[PDB]
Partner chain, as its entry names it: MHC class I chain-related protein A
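Heads up, the chain below is alone and in the form deposited without the partner chain; it's given as structure tokens.
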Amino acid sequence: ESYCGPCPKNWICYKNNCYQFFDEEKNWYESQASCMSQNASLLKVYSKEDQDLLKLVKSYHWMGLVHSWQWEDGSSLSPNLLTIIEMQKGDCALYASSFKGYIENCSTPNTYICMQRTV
């Protein structure tokens, strides 16, 4: 038993991370700017256990992974977290279940997931 947060009211909270799904399709850069305007970043995958809700996410959504692969915050992609699969020539990646990243053209519009860490 626990509390979850802190998060803004309109975000899903799970294991002290805040998540928000955006259905208006945008390219990777526009998606990044949208999350930033909400004091957040695109989804960062750092723990299969602490982010196991991602097993339930269907369809395909921008996350903050760019091409080695690294996150927006400049940190590296830890091994054993995502299976990166070629799909379209590009330097950005879409999250899909379960813990997959599909390589995609950064200019192609897609739905996206923003995330705020609380620590």
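Positions refer to the first chain, counted from 1.
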- Task: For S37, record whether it is unmodelled in at least a third of the other compared entries of this protein.
- Result: no
- Message: Considering only other entries where residues before and after it are modelled, is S68 without coordinates in at least a third?
- Response: yes
- Task: Indicate whether the chain is continuous between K48 and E49 or, if not, how many deposited residues are absent from the coordinates: none, 1 to 3, 4 to 9, or 10 or more.
- Result: none
- Between the two ranges 24-32 and 73-81, the one averaging a larger CA B factor in the entry: 73-81
- Query: Averaging C-alpha B-factors over each stretch, which comes out higher, 54-62 or 83-91?
  - Reply: 83-91
- Task: Comparing against every modelled residue in the chain, figure out the third that the C-alpha B-factor of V119 lands in (lowest, middle or highest).
- Result: highest
- Query: Split the chain's modelled residues into thirds by Cα B-factor; is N17 in the lowest, middle or highest one?
  - Reply: lowest
- Can you tell me which third, lowest, middle or highest, the CA B-factor of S98 falls into for its chain? middle
- Message: For the chain shown, is the CA B-factor of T111 in the lowest, middle or highest third of its modelled residues?
- Response: lowest
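The same protein also has a form deposited with the partner chain bound, omitted here; what follows describes it.
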- Is there a non-hydrogen atom of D73 within 4.5 angstroms of a non-hydrogen atom of the partner chain in the deposited bound form? no
- Query: Which residues, if any, of 104-119 lie within 4.5 Å of the partner chain in the deposited bound form when only heavy atoms count?
  - Reply: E104, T108, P109, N110
